[PDB]
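S.K.: kindly return the folded structure for what I paste below:
(one chain, ligands or ions: 1)
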Amino acid sequence: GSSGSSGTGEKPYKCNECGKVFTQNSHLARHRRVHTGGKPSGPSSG
Ligand SMILES: [Zn+2]
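M.R.: Residues are numbered from 1 along each chain as shown. Sure, the structure comes next:
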């Protein structure tokens with residue numbers, strides 16, 4: 001039944017917001033921004 005899909009995270013740096021991984025820390029610290037500040041798909045604006 002429930003199998004433990006392997007190959008999920010090969011680095012100590014992982015975003016605790018969405019669930020992503022990075023090879024470095026700077027990439028993780030900067031990535032976080034995508035959350036606090038970001039405009040994903042949505043309605044039409046100007
Ligand atoms: Zn994230």
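S.K.: the host helix or strand of residue 30: what's the following helix or strand?
M.R.: Using DSSP states H and E, residue 30 sits in helix 26-31. Read in the C-terminal direction, the helix or strand following helix 26-31 is helix 33-36, with elements assigned using DSSP H and E.
S.K.: contacts for that next one, please.
M.R.: Outside of helix 33-36, the residues that reach it under the criterion C-beta atoms under 8 Å, 6 or more residues apart in numbering are 17-18. For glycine as for every other residue, the C-beta is placed from the backbone atoms N, C-alpha and C.
S.K.: are it and the ion in contact anywhere?
M.R.: No - with C-beta under 5 Å from the ion as the criterion, the ion is not reached by helix 33-36; the gap is at least 5.9 Å.
S.K.: so who does the residue minimising distance to the centre of the chain touch?
M.R.: Most central in the chain under C-alpha atoms, centre = their mean is residue 20, positioned 3.4 Å from the mean C-alpha point. The contact partners of residue 20, taken as C-beta under 8 Å, 6+ apart, are 14, 31.
S.K.: what separation is there between it and the ion?
M.R.: For residue 20, the distance to the ion equals 5 Å [C-beta to the ion, to the nearest Å].
S.K.: buried residues in stretch 18-32?
M.R.: 22, 28 (16 or more other C-beta atoms under 10 Å).
S.K.: show me how far it is from its chain's centre.
M.R.: What separates the centre of stretch 18-32 from the centre of its chain is 7 Å, taken as C-alpha atoms, centre = their mean, to the nearest Å.
S.K.: same question, stretch 30-46
M.R.: Here stretch 30-46 shows a centroid-to-chain-centroid distance of 13 Å under the convention C-alpha atoms, centre = their mean.
S.K.: straight-line length of that stretch, end to end?
M.R.: The distance separating the two terminal residues of stretch 30-46, taken as C-alpha to C-alpha, to the nearest Å, comes to 27 Å.
S.K.: close to the ion, is stretch 38-46?
M.R.: No - Stretch 38-46 does not reach the ion (C-beta under 5 Å from the ion); its nearest approach is 10.1 Å.
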